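Engineer: need the 3D shape of this:
(chains A, B and C)
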Amino acid sequence: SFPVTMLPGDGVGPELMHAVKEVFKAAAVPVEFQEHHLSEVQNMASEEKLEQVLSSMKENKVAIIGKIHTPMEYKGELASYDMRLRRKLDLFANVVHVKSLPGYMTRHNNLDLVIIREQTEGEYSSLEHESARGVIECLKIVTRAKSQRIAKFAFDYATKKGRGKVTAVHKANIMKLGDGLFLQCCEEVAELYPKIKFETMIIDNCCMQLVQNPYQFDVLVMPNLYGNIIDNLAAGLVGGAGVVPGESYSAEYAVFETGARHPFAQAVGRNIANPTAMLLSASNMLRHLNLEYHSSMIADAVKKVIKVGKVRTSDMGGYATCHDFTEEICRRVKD
Amino acid sequence: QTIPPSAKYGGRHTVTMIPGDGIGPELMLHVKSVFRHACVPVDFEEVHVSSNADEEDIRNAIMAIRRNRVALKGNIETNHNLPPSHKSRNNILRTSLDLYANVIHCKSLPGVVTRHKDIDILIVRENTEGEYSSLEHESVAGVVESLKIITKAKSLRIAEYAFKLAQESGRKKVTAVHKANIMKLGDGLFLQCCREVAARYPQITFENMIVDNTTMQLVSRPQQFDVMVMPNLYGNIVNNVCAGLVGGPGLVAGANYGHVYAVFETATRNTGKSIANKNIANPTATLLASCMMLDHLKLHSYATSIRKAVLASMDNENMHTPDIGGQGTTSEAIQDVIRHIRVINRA
Amino acid sequence: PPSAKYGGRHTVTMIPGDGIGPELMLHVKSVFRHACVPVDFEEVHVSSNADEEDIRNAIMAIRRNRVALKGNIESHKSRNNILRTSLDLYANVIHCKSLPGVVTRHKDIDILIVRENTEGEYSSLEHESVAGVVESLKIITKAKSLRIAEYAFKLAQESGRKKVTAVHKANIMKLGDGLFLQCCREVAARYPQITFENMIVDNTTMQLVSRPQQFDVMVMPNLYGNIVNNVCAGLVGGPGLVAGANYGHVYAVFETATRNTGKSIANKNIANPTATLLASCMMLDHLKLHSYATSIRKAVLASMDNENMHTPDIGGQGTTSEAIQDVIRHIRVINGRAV
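Structural biologist: Numbering: from 1, shown residues only, chains lettered A, B, ... in the order given. Structure as follows:
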């Protein structure tokens, strides 16, 4: 069998995975999970065991995590861990599919995009100090390396998945040399993939168009701050954090997580959380593990039960338990 | 320039792939299918290549190759030559890529019986300085001069490649091919070009041989040869002959290397325009091209499990293609190799 | 192109600039003339008149010859700064040496100071975060630190020196200097036959006025320069003595230590040529013409053993037309070479 590390994270994190456990244990997927429990999110004060999580990660080459929810003004520096972790696994690229699903009927439909987000640079590098009493100065960082590389990943995904045009989001009309530098690295690469048209949209003007006509876009590449922004805006369109899956690759390692942060409300293991986002990411994980059988079954199993609609959870216009929904995934995958 | 690093995002190396004209596409899809069954972490960047619009677009098609340092291609029909100005579609690519070394691998096949058996030969030759001269001006009518060119520099670069090939692969004899007995200076220059590097690898025995007797020596006792090297002019001879010894053009993997860039091509440059979509073409060469393409990505584990397969499927008599004397169709072969291809290491 | 090297006398970019260089360059022209030096000159114009692109054409001349010798000149930036960026000159050297001809307060001095030029930075920018509050940024690159640390150790093995010292303030800036200290520490393990030393800049300055003999080679970030530089300049006597040089990965430009024009002492035939000559001395040392340099070197220092050949900036009464023609005498010339 194949062993993949599982980081439950905080919130419904563990309650999600235990459904992916029952799903997997119901489709005979040959995967033992060397659970590297509790990446600390203040559930357990834990830190600099990232190398211990990397160590199983230097082995199994792939993992799926929950969400390392991040704490506020605690942990002293509260240097964001994921990124901290992210820095460790060099997970510069974070890719979140936004695929409207057959059953879910939102205010937007049949929409298919893909969000591409850098994870090392940007403001997420905790570079802050006091210039004087109540005068706080915070850094925005862009590396033309880590920007050229995310632009490099940006188009090579467009060609590999056959997409039309990528559109780079920015605010360089303000930070003329910051996003301006990043904007240049994209055109320097956009000229290299001439089969793919390429736009540059001012950040806000995107987020506006995304509520009016997000159908105009295809692939979106941006730094981290605009990323974490667009990621949550987009998932709300398709359905919310309960369905939207996410992947974050690296040089060799590849990670699968929920798309958005999490349902803000503290459902907290009342078995009212939706496992869809995990499962889709989880099947998109088997589709990377060359078990293209199991992945292409699980998705259909999940995609069907949604389009059925007889069973939905709080986030999807219905009321039904997680295990209620999870069994029906398991039931509709046994026959 | 503006060139970036070719990178491998989280597993799958991204390799450029060109379908071509004639047999090219109908084979590539099996190579895809072979890989996809073998769970090979290699993604493929298709690029429509030529005979549809060989003017400026292909060029946007060069770029994909200049990106990923490794590509695999089929063949392109020759230009009509109406332009009659160089413009070898295949050639242009190897020019703007500085692809100097051309390498083929004629090996005997236990399932392909030939006049001779137990053959293993690696052939090496240049492209822009290994003679094969163009030019050819008419001084006055009825008189034409051709100007074969040797460059001492590219002669040593192809020489060092011949020996850097032998040591990494555990070979034992490099044998130069030349006609220094007739063009004392041109081929003697290449000869002394070989002698210089030959002393830098003393463990590797070195030998020269005249192109004439070398051809004779092939059809009689070709097993004596291990590594052969010549300028590009004499290659067409040695290549097509060593090709036919172990079988035919559809059994020889090929490769054009650059100082950094590496392209994989079939041993025999046959368009097959007459066997279009006949489900007939011999895949065993094209497959073997993917084999050494994996060996160049340092993934031998898969190139080795693929290689043992294609030898495996070929040994049953029924799988041979018409071009080598069989009665089967490609679809049976590809699947029979896929049959032969077990789930090593998956489900 | 290639560095031009027509067989016979080599070609060097020559530019007098503002200040006494034009008066100086012709006297160094007379020094190279008398010493039968097979070195020609291609003089190039400079700033404060032909602003912007006109200087670039002259740089394009310096783009040819990998070596030049210059005087001093002078929002935006300076011409000397714009030149060393346009040539990526990242090794500014000065040779502070005691002179038997002028007794200072201390004797027995031989010191080579090398700093960077973009690495020290500190001129990068600044922002008025609020009224009255400014952020200035020290910039320490690991690469350029190593690269200037290598230039220090390689030059020391070339000039036979024994000791190389790291001047820093990592005790207060634990990271910027603490990166530069360990940056030199990696290099020092690769030159074990050379003793390596670190020192706070404070205790280093206190040692200069008390025991400069314990200093062979001093390497530091370019910020600390003006302090250590202009101190070791006045330690051997001041500006008109110490010879300067700006090297690069291929290019190498020589100049005086202090960039002062001395526009007050203009055409008075008063200014000390000592440093401007010593700049040609180690500039010939770069062209490996050590024979021609070892002559001019000992010739001026023995000609300076006289008190009437000093200049007012060091205490004497003599003019330049004297000591110049006087060193012309002390250059022993037999059959067209320096013997």
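Engineer: give me the neighbour count for residue 66.
Structural biologist: Looking at chain A here, since you left the chain open. Residue A:66: 23 surrounding residues under other C-beta atoms under 10 Å in any protein chain shown. (C-beta placed from N, C-alpha, C; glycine too.)
Engineer: ah, I was thinking of chain B
Structural biologist: By other C-beta under 10 Å, 18 other residues sit near residue B:66.
Engineer: mind listing what the closest residue to chain B within the stretch 51-200 of chain A touches?
Structural biologist: Closest residue of the stretch 51-200 of chain A to chain B, C-beta to the nearest C-beta: residue A:194 (4.5 Å). Taking C-beta atoms under 8 Å, 6 or more residues apart in numbering or on different chains, we find residue A:194 in contact with B:60, B:63.
Engineer: quick check: chain neighbours aside, which residue is closest to residue A:164?
Structural biologist: The shortest distance from residue A:164 to any non-neighbouring residue, by C-beta to C-beta, 6 or more residues apart in numbering or on different chains, is to residue A:218 (4.6 Å).
Engineer: chain B versus the one you found, what's the distance?
Structural biologist: Using C-beta to the nearest C-beta, to the nearest Å, residue A:218 is found at 18 Å from chain B.
Engineer: quick check: that residue touching residue A:161?
Structural biologist: No - with contact defined as C-beta atoms under 8 Å, residue A:218 does not count as touching residue A:161 (10.0 Å).
Engineer: now for the two: what residues contact both?
Structural biologist: residue A:114.
Engineer: so which of the two has more stuff around it?
Structural biologist: Using other C-beta under 10 Å as the criterion, residue A:218 and residue A:161 rank with residue A:218 on top: 18 against 13.
Engineer: now the helices for the stretch 151-300 of chain B?
Structural biologist: For the stretch 151-300 of chain B, helices defined by DSSP state H, counting those that start in this stretch occupy the ranges B:152-169, B:186-198, B:211-220, B:232-245, B:284-296, B:300-315.
Engineer: please produce TSV containing these, extended by distance to residue C:90 and mean neighbour count.
Structural biologist: As requested, those are arranged in TSV below (distance: least, C-beta to C-beta, whole Å; neighbours: other C-beta atoms under 10 Å in any protein chain shown):
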stretch	distance to residue C:90	mean neighbour count
helix B:152-169	34	18
helix B:186-198	39	19
helix B:211-220	55	15
helix B:232-245	46	19
helix B:284-296	39	24
helix B:300-315	45	19
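Engineer: possible to save the ones you listed as TSV with distance to residue B:226?
Structural biologist: Formatted as TSV, those follow (distance: least, C-beta to C-beta, whole Å):
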stretch	distance to residue B:226
helix B:152-169	8
helix B:186-198	14
helix B:211-220	13
helix B:232-245	12
helix B:284-296	17
helix B:300-315	19
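Engineer: list the contacts of residue 176.
Structural biologist: With no chain named, the answer covers chain A. With C-beta under 8 Å, 6+ apart, residue A:176 has no contacts at all.
Engineer: oops, chain B please
Structural biologist: Residue B:176 neighbours (C-beta under 8 Å, 6+ apart): B:190-191, B:194, B:206-209, B:229-230.
Engineer: show me which of those residues is closest to chain A.
Structural biologist: The nearest member of these to chain A, counting by C-beta to the nearest C-beta, is residue B:229 at 36.0 Å.
Engineer: please, where are all the strands along the chain?
Structural biologist: The chain I'm using is chain A. A:2-3, A:5-9, A:31-32, A:62-67, A:93-99, A:112-118, A:128-132, A:135-138, A:166-170, A:198-202, A:219-222, A:245-249, A:254-258 (DSSP state E).
Engineer: wait, chain B
Structural biologist: Using DSSP E, strands in chain B cover B:13-18, B:42-46, B:70-73, B:101-107, B:120-125, B:137-138, B:144-145, B:173-178, B:205-210, B:227-229, B:253-257, B:262-266.
Engineer: what does the stretch 1-150 of chain A have sitting close to chain B?
Structural biologist: Applying C-beta under 8 Å from any C-beta of the partner chain, we find that the stretch 1-150 of chain A lies next to chain B at A:30, A:61, A:93, A:148-149.
Engineer: pretty sure residue B:206 contacts residue B:172?
Structural biologist: No - counting by C-beta under 8 Å, residue B:206 sits too far from residue B:172 to count as a contact (10.6 Å).
Engineer: could you check which of those two is surrounded by more residues?
Structural biologist: Set residue B:206 next to residue B:172 and count neighbours by other C-beta under 10 Å: residue B:206 wins out with 19 against 11.
Engineer: nearest residue to that one in space, please, no chain neighbours.
Structural biologist: Distance criterion C-beta to C-beta, 6+ apart; nearest residue to residue B:206, sequence neighbours excluded, is residue B:198 at 4.0 Å.
Engineer: how many other residues sit next to residue B:262?
Structural biologist: Other residues lying near residue B:262 total 23 when counted by other C-beta under 10 Å.
Engineer: list the contacts for it?
Structural biologist: B:69-71, B:255-256, B:296.
Engineer: now with 7 Å?
Structural biologist: Contacts of residue B:262 were listed using C-beta atoms under 7 Å, 6 or more residues apart in numbering or on different chains, and they are B:69-70, B:255, B:296.
Engineer: ditto for residue B:130
Structural biologist: Neighbour list for residue B:130: B:231-233 [criterion: C-beta under 7 Å, 6+ apart].
Engineer: get me the contact residues on the stretch 1-150 of chain A for chain C.
Structural biologist: A:131-132, A:135, A:137 (C-beta under 7 Å from any C-beta of the partner chain).
Engineer: any chance of the residues you listed in a markdown table, with neighbour count too?
Structural biologist: Formatted as a markdown table, the residues of the stretch 1-150 of chain A next to chain C follow (neighbours: other C-beta atoms under 10 Å in any protein chain shown):
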| residue | neighbour count |
| --- | --- |
| A:131 | 14 |
| A:132 | 11 |
| A:135 | 11 |
| A:137 | 15 |
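Engineer: quick one: which of those residues is nearest residue B:290?
Structural biologist: Residue B:290 has its nearest neighbour among the residues of the stretch 1-150 of chain A next to chain C in residue A:137, at 55.6 Å by C-beta to C-beta.
Engineer: surely that closest one and residue A:131 touch.
Structural biologist: Yes - the pair residue A:137 / residue A:131 is scored as a contact, 5.1 Å apart, by C-beta atoms under 7 Å.
Engineer: so which residues on chain B come close to chain A?
Structural biologist: So far as C-beta under 7 Å from any C-beta goes, chain B lies against chain A at B:2, B:4, B:7-11, B:14, B:39, B:43, B:45, B:60, B:63, B:346-347.
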